[PDB]
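Worksheet: the structure to be examined is printed underneath.
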Amino acid sequence: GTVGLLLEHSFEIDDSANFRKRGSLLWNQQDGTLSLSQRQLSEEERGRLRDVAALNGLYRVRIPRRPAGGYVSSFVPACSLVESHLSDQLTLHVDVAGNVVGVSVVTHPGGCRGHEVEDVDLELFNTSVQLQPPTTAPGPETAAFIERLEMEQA
Amino acid sequence: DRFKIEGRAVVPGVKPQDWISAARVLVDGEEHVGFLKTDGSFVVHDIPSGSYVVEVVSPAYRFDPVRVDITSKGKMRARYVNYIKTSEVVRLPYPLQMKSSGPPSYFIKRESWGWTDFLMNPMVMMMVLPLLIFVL
Amino acid sequence: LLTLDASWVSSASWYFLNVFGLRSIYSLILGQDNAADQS
Amino acid sequence: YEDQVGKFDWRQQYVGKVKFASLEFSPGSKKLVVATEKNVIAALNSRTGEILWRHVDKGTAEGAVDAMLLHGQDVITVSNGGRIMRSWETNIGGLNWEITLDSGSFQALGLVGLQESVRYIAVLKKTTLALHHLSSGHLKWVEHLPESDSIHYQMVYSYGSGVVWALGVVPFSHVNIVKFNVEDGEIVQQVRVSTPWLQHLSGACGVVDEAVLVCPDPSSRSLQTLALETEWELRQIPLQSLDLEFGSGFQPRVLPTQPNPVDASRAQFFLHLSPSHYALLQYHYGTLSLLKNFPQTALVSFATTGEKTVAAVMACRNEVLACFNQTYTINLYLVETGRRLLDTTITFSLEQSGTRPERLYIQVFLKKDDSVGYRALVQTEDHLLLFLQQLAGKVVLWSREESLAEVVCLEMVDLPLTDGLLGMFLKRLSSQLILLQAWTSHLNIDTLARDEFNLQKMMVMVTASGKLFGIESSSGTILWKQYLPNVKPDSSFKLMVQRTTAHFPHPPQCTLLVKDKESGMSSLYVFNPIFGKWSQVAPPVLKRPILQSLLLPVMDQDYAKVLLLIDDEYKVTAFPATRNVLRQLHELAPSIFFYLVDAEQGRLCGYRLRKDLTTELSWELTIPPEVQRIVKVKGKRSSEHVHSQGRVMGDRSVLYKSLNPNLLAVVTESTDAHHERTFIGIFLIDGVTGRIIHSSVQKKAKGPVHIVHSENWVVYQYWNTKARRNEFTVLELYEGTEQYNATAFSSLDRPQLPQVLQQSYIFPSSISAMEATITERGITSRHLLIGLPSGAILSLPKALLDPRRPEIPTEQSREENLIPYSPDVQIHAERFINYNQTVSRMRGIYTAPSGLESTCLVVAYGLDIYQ
Ligand SMILES: *[C@@H]1O[C@H](CO)[C@@H](O[C@@H]2O[C@H](CO)[C@@H](O)[C@H](O)[C@H]2NC(C)=O)[C@H](O)[C@H]1NC(C)=O
Ligand SMILES: *[C@@H]1O[C@H](CO)[C@@H](O[C@@H]2O[C@H](CO)[C@@H](O)[C@H](O)[C@H]2NC(C)=O)[C@H](O)[C@H]1NC(C)=O
Ligand SMILES: *[C@@H]1O[C@H](CO)[C@@H](O)[C@H](O)[C@H]1NC(C)=O
Ligand SMILES: *[C@@H]1O[C@H](CO)[C@@H](O)[C@H](O)[C@H]1NC(C)=O
C-alpha cells in the first residue's frame, strides 16, 4: 500500500557528504502518490547553508534504495537553493517493476543572480514532490497508414 | 522440434555457377545463415518454430525476401513479407523459387540535361512575368 | 542546405548582382548614356 | 554512387586468424582452402593471396568451423560442434551437400576406404560414430560405441583394409579400442589396455606405420607402443636407447602422417620431445629408430607429393629462447631418410618484433628436374600470413595481415602540413620575391603531407591482437605497423589523440589506453600517430585498475590534450600531469564530473573533481539489474558542433532545441526474455546532476538495439517481438519557443524539463551498424549509416526521421514542408553509399568530418574494411 522512504540532506563548507535526516517520503504504490513530512530547518542548518551558499557549495539529497540495501542521490547548488527562497522540486523516478531508480532535485527558479536572501525566508520548505514512472514510448502508427492508403487507392 | 527451410534461387540468364560463389541465404536477418549448393538450391537447418524472413543476399542480383511460418507440430508455409498489415497472407510455394530480378541499381545515372530541358525554365517564366507586367 | 547562412549565394543571384553592378561601368568605359542596361 | 567506381573508395577483404588451413591442391589449381576463427571459409589464390570464394558464417560459436578435410577437389567441413557437415566445391565456390548431424560432442573425424578408394566419412562424437557417403552425404551407418558413457574417444583410423579403428581413453586409467567394419559398422572387436600414466590421446598419443599406437610417456622417459593391428598390450621403449629425452613441464607430442586415407601411415613420424626440439623416428615392427634430430627448431610440417613424404623444419639462423633476428630458415628433409634436401632451404625475416611464427603449412610439387619444389604459408603470432616461395627473388610471395580482421578501435589522423612598419614591409617584400622565384622556378610516409581540402587523412587502427596500424585513408595501404606484446583477446582499448599535426615544433602524439580484463590493470602507450614509434615520454604506470578516462580539451604547453584517468580507488591521474597541467586542472577541478556505469549492478555514479585531485560522490542512481540490465550508454559525440541552435517552425517563429551537452542516453534491456513481456528502456540521464530527463520504456520489444546520439536527437533501432519487425524510434529534444539560458549552457541550471518528441518507424530489414554523418560545422544535413547484414551502407537522411511528421498533412506542415508520417522506412538500393562492396559481418561505421562541408569520410570496419 504505502511505503516510507527516508530522505537525508547534506551541505557543508567543504562540500563533503554529511547527509542528515530531513523528511520522510510516503509513497503509496496503489494510487502512485508520494507525500513528504520534513522538519523545518534550524538556525545552525540555516547558518551552515549560509556558508555553503556563500562558498557556492552544493546541497545533496539522499534516500535509501529500498523501503539499508543502497541509496540513490543527487545534488543541487545550495546557493541556488537559497536564492530561490527554498523553492524546489524533487522528482522520484521509479521503474516499470515499481523499484526506486533515482531522485532528482531542482530549484525554482534555477541558477543564481546574486540575490541576497534574509534568514526569515528560509523557515519554509517550498518543495514540490513528484514521482516519475517510466513513460511507455508509443509504437509505430500502422492503422492510420493502412486506412489512409486504402482511401488513396479507392 | 528443429526444422529446415528448403528452397531454390535462380537468376535468369546467368548460371548458378557464376553467382552462387558469393551468395548467402539469410533466415531472419543473419540470425540464421545458409549457402546455396552448386545447382543453385539452398537448404537451411536448425530452424525453430515461428516466422522468419528468408532472403537470398547476393551483390550481383537481388532477391525478394519471403516470409516463412513454421509451426511446432511441423506444418509450415511460405508467403510474401509485409511489415505493415502483417496479418495478411499471400501464399508462395514453400520450395522457394526466388527468381532474381536482375542486378540491383546501386548507381545513379548522370543528369545530362539538354537544351530542351532548358527551354521551359520555371525561374525564367517566374522572372519574365514581371517583365511583361513592367512593359504593360 | 537548410541551415546555411543567407549570405552565401548561388550562381544565378551572383550573376544578377554582377549585371546590376556593371551599368555604371558600361557608362564609364563604353561612353555616356550607353544602350547596355536593364531599365 | 554515380558510377564513379573506385575513384575515392577502397575495400579490403580480411579473414581472421587461420584456424584451419589446406594447401594440398593440384599445381595448376593454385588454391588454398582456409577456415578461420571468424567462422569464415575462403579460398586464397596461391600466386597472389587473394580471395576466390569466401563464405562467412554466423559470428557466434553456432557456426564455428570445427574440422576441415580436403578430398580431390571438394573440401569437407564440420560446423556448429559437429551439428552440420558440408561439402564445398572449391572450383565453383559453393556447397555440394549440407547435412545436419545428431547430438553428442564431436571428438574425432576421419575417412574410410573399402579396398582402394575413400568413399565414406567416419565422424565420431563422444558417444557414437557415424558414416556418411562422399557422393551425397547420406548417412551410411551409426554405431554407439560400447561403454562410451565412461570413455572419451579421441581418434579414428581406417585404411584400405575396409575397417574402422576407434580409440578412447579415461584420464589416468585404462583406454579402450574398438574395431568396426566399414561395410556394416558392427563392433568387430574391442580391447582395453592399462595406461596409468596417460592423460589424453589426441594431444599426446598418435598412431604411425600400420595403425600402431604410440603414446610418449614422460613419467619414465619412454615411448609406450601398441601394435594395434594385432597387439593387445602396450609395449614400452625408453628413449635413452635412442638417445632422446623429454622436457620438463611439457607434454611431448607425436606427429604421424597419412598421404592418402586408404593406405597405411608412414612408419616415420615426428616426436616433439621438448619445445624447440624434435626427433624423427621410424617404427618398424615393435622397434623404432631415430632418423634425424632437430634441436632449436620451432615448427615442423609434413607434406606428400604423391609418392614420398617431405618434412619442413623451421628454425632461425642463429639462436640468441627467442631468436636473434627474426630470420627463420625452413629446410626440407626426406621422410624416408632423415636427410636434408638439397637447395631447398628458405630464409625469411619477420618485420615485427616479439612475433614468432605459429603455423606452417607447406605445399610441394615436382619441379622440371624432378626436384621437390615447395612453398610455405606461415602464420606468425600476431595473425599475419606469409607466403614463401623457394626461389630467392621475393622470398615472400604474398604477405597477408589477417589480424586486421578484428579491429577494436581506429582513429583518423590528419596528415602533416606540406614594432616598426619598415621591418614588416621588408620581410613582406622579401617573401614576395621568394614566392616570385618559386613560381618562376617552375619553368610514401617520408613525404607525407596534408591535402588542400584535408580530405586525405591517416587512420590509426587498433587490433585486438594488440597490433597498431597506420593506413592511408585514400589508398588503404599500410604506412606503419607496431605490436603490443602480451595483449589478451578480451582486453579493452581506448585511443586518444593527445596532439595533432598542427604543432610542427612538437611531434604529433597519440595515446592508447589498454586494459586487460582478467587482471584489471590498465596501461597507457604513447606513440607518434604519424610514424607509429613510441614517444620517448614514458607514460605513467597505472598501478591500480582504472574505470574511466576523459580527454579534457585543456592542452599542455606542447599542445598535448590533458587526459584524466579514474582508478579503482576513485583517484584521478592526470597526464602529462605537469605543474602547469596540475595547476590548470586543480584550478578548474570543480567543473569536471565523471560518470561510471556499472552494468553488472545496474548502477550509475557521478563524481566531482576536487581541488586536491580527489573524487566525491556527487550523484548516484541505481537501475535494478533484476528487471533491467544496462546495454548501451551512448552519449553524444564531443567533437561535434550544432549550426542552428533553434529551428524555424514557420509562422515566422522558432522552436528551440534542447542542446544538453552532458546528456546520456542509457538504453537498458528487460531481463525478461519472453517474447510478450520484453521491453527496452531509454533514460536521458544527465551527465552532471544525474537527472533523468526522460525514462521511456518501449513494451513488447527486444534487442539488439543500435542507437545513435547526436546534437539533439537520438535514434535507436530495435526488434519488435509482438509484430516481428525491426522498428526505429526517433526521440527529439525541444526546448520552449524561447531559450532559457543562452550565453552558456549548464546542466545545473536547467529547471525546465525539455519536451520530448517521439516517433516509431518500421525498418524492413535487419541492421548491423549505425552512425550519424558528422560535418565540421554541422551545416550539412545528418545521415544515418545503416549497416545491413548484407553488407550495404544505407545513407538514411535524418530529415526523414523527424518525429514531427504529422499523421495528417496541414497548412503548418506544408509551410514547414513536413512529410506526412509514414511508419515504413524505405531501403532503396540507390541510397547505399557502397555499390556491391559489401562489408560482411559489419562491426562499426566511423564517420569523420573531414575538411570542406559536404564530404564526410566513412570507414566501415568489420570483416572487410571499406573507405
Ligand atoms: C514553490 O516555488 C515555485 C517557484 O516559485 C512555485 O511555482 C510558481 O507558482 C506560480 C503559481 O503559484 C506560477 O505562477 C509560477 O510560474 C511558478 N514558478 C515556477 C514553476 O518556477 C510554487 O508554487 C511554489 N510552491 C509549491 C508548493 O510548489
Ligand atoms: C561490382 O564491383 C565492382 C568493383 O567495385 C564494380 O567495378 C566495375 O564497374 C564498372 C561499371 O561500368 C564495370 O564495367 C566493371 O566491369 C566493374 N569491374 C569489375 C566488376 O570487376 C562493378 O561496377 C560492381 N557491379 C555492380 C553491379 O555494382
Ligand atoms: C633482421 O635483419 C634485417 C636485415 O638487416 C632487418 O631489416 C630487420 O629489421 C632485422 N630484424 C628483424 C626483427 O626482422
Ligand atoms: C543563465 O544563467 C546564469 C546563471 O547560471 C545567469 O547569470 C545568466 O544571466 C543566464 N542567462 C544567460 C543568457 O546567460
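Residue numbers (the numbering used here), protein chains in the order written: chain B, 1 to 154; chain C, 1001 to 1136; chain W, 2001 to 2039; chain V, 3001 to 3867. Think of the CB as a built atom: it goes at the ideal place given N, C-alpha and C, for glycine as much as any other residue.
**OP:** Kindly list, in the order they appear in chain V, the residues whose Cβ is closer than 7 Å to that of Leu-1036 of chain C.
**Re:** Within the second sequence, the letter at position 36 stands for residue 1036 of chain C. Correct list: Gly-3094, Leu-3095.
Original post:
Between the C-alpha atoms of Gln-3115 of chain V and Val-1027 of chain C, what's the straight-line distance to the nearest angstrom?
Top reply: To locate residue 3115 of chain V, count along the fourth sequence from 1; it is residue 115. To locate residue 1027 of chain C, count along the second sequence from 1; it is residue 27. Straight-line Cα distance between these residues: approximately 43 Å.
Original post:
Is any heavy atom in ligand 5 found nearer than 7 Å to the beta carbon of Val-3005 of chain V?
Top reply: Summarising the ligand content, the structure contains ligand 1, ligand 2, ligand 3 and ligand 4 and does not contain ligand 5.
Original post:
CA-CA distance, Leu-55 of chain B and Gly-3650 of chain V?
Top reply: For the purposes of this step, residue 55 of chain B is taken as residue 55 along the first sequence, with counting starting at 1. For the purposes of this step, residue 3650 of chain V is taken as residue 650 along the fourth sequence, with counting starting at 1. Near 46 Å, if we compare the C-alpha coordinates of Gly-3650 of chain V and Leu-55 of chain B.
Original post:
Cα-Cα, which of V:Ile-3530, V:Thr-3501, V:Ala-3502, V:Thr-3578 is closest to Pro-3539 of chain V?
Top reply: Numbered from 1 along the fourth sequence, position 539 holds the residue referred to as residue 3539 of chain V. Looking at the Cα atoms, V:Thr-3578 is the closest of the given residues.
Subject >> Beta bridge counterpart(s) of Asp-3217 of chain V as assigned by DSSP >> reply: Taking the fourth sequence and counting its residues from 1, one reaches residue 3217 of chain V at position 217. Partner(s): V:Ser-3222.
Subject >> Option nearest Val-3018 of chain V by Cα separation, candidates V:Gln-3190, V:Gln-3698, V:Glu-3402 >> reply: Sequence index remark: in the fourth sequence, residue 3018 of chain V carries index 18 (1-based). Here the closest residue by C-alpha is V:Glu-3402.
Original post:
Taking 7 Å as the line, does the beta carbon of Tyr-3835 of chain V fall inside it for any heavy atom of ligand 2?
Top reply: As a first step, residue 3835 of chain V is located in the fourth sequence; it is residue number 835 there, counting from the start. Indeed, a heavy atom of ligand 2 lies less than 7 Å from the Cβ.
Subject >> the stretch 3153 to 3170 of chain V in contact with the stretch 3133 to 3142 of chain V per 3-pair CB rule at 8 Å >> reply: no
Original post:
Got a sec: is the Cβ-Cβ distance from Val-3627 of chain V to anything in chain B below 8 Å?
Top reply: Residue mapping note: residue 3627 of chain V aligns to position 627 of the fourth sequence, counting from 1. At least one chain B Cβ lies under 8 Å of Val-3627 of chain V.
Subject >> Inter-stretch contact at 8 Å, needing at least 3 Cβ pairs: the stretch 3166 to 3178 of chain V / the stretch 3189 to 3200 of chain V >> reply: yes
**OP:** Would you identify the three-state DSSP class for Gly-3423 of chain V, choosing helix, strand or coil?
**Re:** The residue given as residue 3423 of chain V occupies position 423 in the fourth sequence. Correct three-state label for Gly-3423 of chain V: helix.
**OP:** Determine which residues share a DSSP beta bridge with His-93 of chain B and list them.
**Re:** What you label residue 93 of chain B is simply residue 93 of the first sequence in a count that begins at 1. Paired residues: B:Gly-102, B:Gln-132.
Subject >> Coarse secondary structure for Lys-3798 of chain V, derived from DSSP in three states >> reply: Locating residue 3798 of chain V in the fourth sequence gives position 798, counting from the first residue. In the structure shown, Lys-3798 of chain V sits in a helix (DSSP, three-state: H, G or I).
Subject >> Boundaries (first-last residue) of the alpha helix (DSSP H) holding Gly-47 of chain B >> reply: Here residue 47 of chain B refers to the residue found at position 47 of the first sequence. Taken as a continuous stretch (DSSP letters only), the alpha helix (DSSP H) holding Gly-47 of chain B covers 43 to 54.
Original post:
Applying the criterion that 16 or more other CB atoms from any shown protein chain within 10 Å of the CB defines a buried residue, is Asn-3817 of chain V buried or exposed?
Top reply: Numbered from its first residue, the fourth sequence carries residue 3817 of chain V at position 817. It counts as exposed.
Original post:
How would you list, in chain order, the residues of chain C whose beta-carbon sits under 8 Å from the beta-carbon of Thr-142 of chain B?
Top reply: Numbered from its first residue, the first sequence carries residue 142 of chain B at position 142. Those within 8 Å of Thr-142 of chain B in chain C are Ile-1084, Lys-1085.
**OP:** Give the single residue among V:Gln-3268, V:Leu-3655, V:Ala-3279, V:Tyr-3734 whose Cα lies nearest to the Cα of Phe-3246 of chain V.
**Re:** Looking up residue 3246 of chain V in the fourth sequence gives position 246. For the residues V:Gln-3268, V:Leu-3655, V:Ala-3279, V:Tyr-3734, the minimum Cα distance to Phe-3246 of chain V belongs to V:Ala-3279.
Original post:
Is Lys-3292 of chain V closer than 8 Å to residue 3939 of chain V when the C-beta atoms are compared?
Top reply: No statement about residue 3939 of chain V is possible, as the shown extent of chain V runs from 3001 to 3867 and does not include it.
Subject >> Every unbroken beta strand (DSSP E) inside the stretch 3406 to 3491 of chain V [3 residues or more] >> reply: 3407 to 3414, 3457 to 3463, 3467 to 3472, 3478 to 3483
**OP:** With DSSP as the reference, label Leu-3582 of chain V as helix, strand or coil.
**Re:** Residue mapping note: residue 3582 of chain V aligns to position 582 of the fourth sequence, counting from 1. In the structure shown, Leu-3582 of chain V sits in a helix (DSSP, three-state: H, G or I).
Subject >> Endpoints, beta strand (DSSP E) assigned at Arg-20 of chain B >> reply: Here residue 20 of chain B refers to the residue found at position 20 when the first sequence is read from its first residue. Counting along the chain, the beta strand (DSSP E) containing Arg-20 of chain B begins and ends at 20 to 28.
Original post:
Looking only at C-alpha atoms, which of V:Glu-3472, V:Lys-3515, V:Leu-3479 sits nearest to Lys-3488 of chain V?
Top reply: In the fourth sequence, the residue the question calls residue 3488 of chain V occupies position 488. Checked all of V:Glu-3472, V:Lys-3515, V:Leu-3479; the closest Cα to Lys-3488 of chain V is V:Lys-3515.
Original post:
Among residues of its own chain, excluding the 5 on either side of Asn-3331 of chain V, which ones have a beta-carbon nearer than 6 Å to its beta-carbon?
Top reply: For the purposes of this step, residue 3331 of chain V is taken as the residue at position 331 of the fourth sequence. So the qualifying residues of the chain are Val-3313, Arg-3340, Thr-3345.
**OP:** Starting from the beta carbon of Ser-3644 of chain V, find every residue of chain W whose beta carbon is closer than 7 Å, and list them in chain order.
**Re:** Translated into the one-based positions of the fourth sequence, residue 3644 of chain V becomes position 644. In chain order: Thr-2003.
Original post:
Residues in its own chain within less than 8 Å of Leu-3095 of chain V by CB, not counting five upstream and five downstream?
Top reply: Residue numbering aside, residue 3095 of chain V sits at position 95 when the fourth sequence is read from its first letter. Hits under 8 Å: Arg-3086, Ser-3087, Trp-3088, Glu-3089.
**OP:** Kindly indicate if chain B contains any beta-carbon less than 8 Å away from that of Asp-3749 of chain V.
**Re:** What you label residue 3749 of chain V is simply residue 749 of the fourth sequence in a count that begins at 1. Yes - at least one Cβ of chain B is within 8 Å of the one on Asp-3749 of chain V.
**OP:** Find the nearest neighbour of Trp-3097 of chain V within the set C:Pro-1104, C:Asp-1039, C:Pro-1016, judged by alpha-carbon distance.
**Re:** As a working note, residue 3097 of chain V is residue 97 in the fourth sequence. Residue C:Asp-1039 is the option with its Cα nearest to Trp-3097 of chain V.
Original post:
Are there 16 or more other CB atoms within 10 angstroms of the CB of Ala-3438 of chain V, so buried, or fewer, so exposed?
Top reply: Here residue 3438 of chain V corresponds to residue number 438 of the fourth sequence, with the count starting at 1. Classification for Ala-3438 of chain V: exposed.
**OP:** Take every Cβ of the stretch 1123 to 1133 of chain C, pair it with every Cβ of the stretch 1029 to 1045 of chain C, and state whether three or more of those distances are shorter than 8 Å.
**Re:** no
Subject >> Beta-carbon spacing of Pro-1059 of chain C, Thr-3622 of chain V below 8 Å >> reply: For this step, residue 1059 of chain C is matched to residue 59 along the second sequence. For this step, residue 3622 of chain V is matched to residue 622 along the fourth sequence. No.
**OP:** Anything in the stretch 50 to 82 of chain B with a Cβ closer than 7 Å to a Cβ of chain V? List those residues in chain order, please.
**Re:** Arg-65, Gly-70, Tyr-71, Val-72, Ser-73, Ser-74, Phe-75, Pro-77
**OP:** Confirm the yes/no value for this check: CB of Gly-111 of chain B, any heavy atom of ligand 4, distance under 7 Å.
**Re:** For this step, residue 111 of chain B is matched to residue 111 along the first sequence. The answer is yes for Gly-111 of chain B.
Original post:
Checking contacts by CB at 8 Å: is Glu-1006 of chain C closer than that to chain V?
Top reply: Numbered from its first residue, the second sequence carries residue 1006 of chain C at position 6. With 8 Å as the cut-off, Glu-1006 of chain C does not count as an interface residue toward chain V.
**OP:** Ignore the nearest five residues each way along the sequence and tell me which others in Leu-3410 of chain V's own chain have a CB closer than 8 Å to its CB.
**Re:** Along the fourth sequence, read from residue 1 onward, the residue named residue 3410 of chain V stands at position 410. Only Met-3459, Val-3460, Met-3461, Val-3462, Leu-3495, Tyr-3846, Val-3859, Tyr-3861 meet the Cβ criterion.
Original post:
Using the rule of at least 16 other Cβ atoms within 10 Å of the residue's Cβ for burial, across every protein chain shown, is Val-3715 of chain V buried or exposed?
Top reply: Locating residue 3715 of chain V in the fourth sequence gives position 715, counting from the first residue. Buried, by the Cβ-count rule.
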